[PDB]
Amino acid sequence: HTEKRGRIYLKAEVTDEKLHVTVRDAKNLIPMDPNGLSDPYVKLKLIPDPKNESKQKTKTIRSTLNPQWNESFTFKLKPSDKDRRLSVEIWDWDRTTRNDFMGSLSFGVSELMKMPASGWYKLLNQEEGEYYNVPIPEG
Ligand SMILES: [Ca+2]
Ligand SMILES: [Ca+2]
């Protein structure tokens, strides 16, 4: 169900004291719906975020194993924000059965404040997607 064959294109770069994040698209996804395709929406949050007001989501794609979102946001928080973790979840919206989770990713904010994390990324599991950072070349 969680297949680490899919790759998600995430970019987080700090410019003018604003964290300009970008979610371009993903490729090599697995069939998650009865349609034989996937229809995921990306949620970008700065954890811990229990009230999920930092968590911003994009809209779902029709039906494609290569969903393209092309969203970009700008969220900076007071200096304590560097201690947070930028966790991005990939959930498929299903009214038929259940939301299909294939994977997620996370970036260290202290890392992003010193260097912009921009490129492809591998699908991490739920435990990993809140902690680890593993950027993938894919090019
Ligand atoms: Ca599904
Ligand atoms: Ca779906």
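- As recorded in the entry header, the structure was determined using solution NMR.

**Quick look at the overall build of the protein chain**
(1) Moving on: When helices and strands are tallied, the protein chain shows one helix and nine strands.
(2) Moving on: Taken from the N to the C terminus, the helices and strands of the protein chain come in the order β-β-β-β-β-β-β-α-β-β.
(3) Moving on: In terms of overall size, the protein chain behaves like a compact globule, its C-alpha atoms giving a radius of gyration of 14 Å where 139 residues would be expected to give roughly 14 Å.
(4) Moving on: If one aligns the C-alpha atoms of the protein chain with their principal axes, the spans along those axes are about 45 × 35 × 25 Å.

**Regarding unusual backbone geometry**
(1) Moving on: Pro48 follows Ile47 through a cis peptide bond whose omega is 0 degrees.
(2) Moving on: Topologically, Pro48 is positioned in the loop between β3 (40-47) and β4 (56-57).
(3) Moving on: For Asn28, which is not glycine, the phi dihedral falls at a positive 65 degrees.
(4) Moving on: Examined against the element boundaries, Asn28 turns out to sit in the loop between β2 (19-27) and β3.

**Points about the coordination of the calcium ion (ligand 1)**
(1) Moving on: Coordination of the calcium ion (ligand 1) by the protein is provided by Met32 (O), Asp33 (OD), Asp92 (OD), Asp94 (OD), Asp94 (OD) and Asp100 (OD), with metal-donor distances spanning 1.8 to 2.6 Å.
(2) Moving on: Sequence positions of the residues that donate to the calcium ion (ligand 1) give the spacing M-D-x58-D-x1-D-x5-D.
(3) Moving on: Metal-to-metal, the separation of the calcium ion (ligand 1) and the calcium ion (ligand 2) is 3.6 Å; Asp33 coordinates the two. Just as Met32 is buried, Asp33 falls in that class too.

**Here we look at the coordination of the calcium ion (ligand 2)**
(1) Moving on: At this site the calcium ion (ligand 2) is bound by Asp33 (OD), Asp33 (OD), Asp39 (OD), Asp39 (OD), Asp92 (OD), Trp93 (O) and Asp94 (OD), with donor distances of 1.9 to 2.6 Å.
(2) Moving on: A relative accessible area of 9% places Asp39 in the buried class.

**Some points on a nonpolar patch on the surface**
(1) Moving on: A grouping of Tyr131, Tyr132 and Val134 is seen on the molecular surface, where their side chains present a nonpolar patch of about 330 Å² in accessible area.
(2) Moving on: Residue position: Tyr132 is located in the loop between β8 (117-122) and β9 (135-136).

Reading the values: the criteria
- Residues numbered from 1 in each chain as written, not as in the entry; some residues may be left out.
- Chains lettered and ligands numbered in written order.
- Heavy atoms only, no water.
- Helix = DSSP H or I, 4+ residues; strand = E, 2+ residues; numbered from the N terminus.
- Rg over C-alpha atoms; globule rule 2.2 N^0.38 Å.
- Donors = N, O, S within 2.8 Å, 3.2 Å for Na, K, Ca; no water.
- Buried < 20%, exposed > 50% of the residue type's maximum accessible area, 1.4 Å probe, protein only.
- Patch = residues over 30% accessible without salt bridge, like charges linked within 9 Å, V, L, I, M, F, W, Y side chains within 5 Å.
- Areas by Shrake-Rupley, 256 points an atom, 1.4 Å probe, with all protein chains shown as cover.
- Salt bridge = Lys/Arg side-chain N within 4 Å of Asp/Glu carboxyl O.

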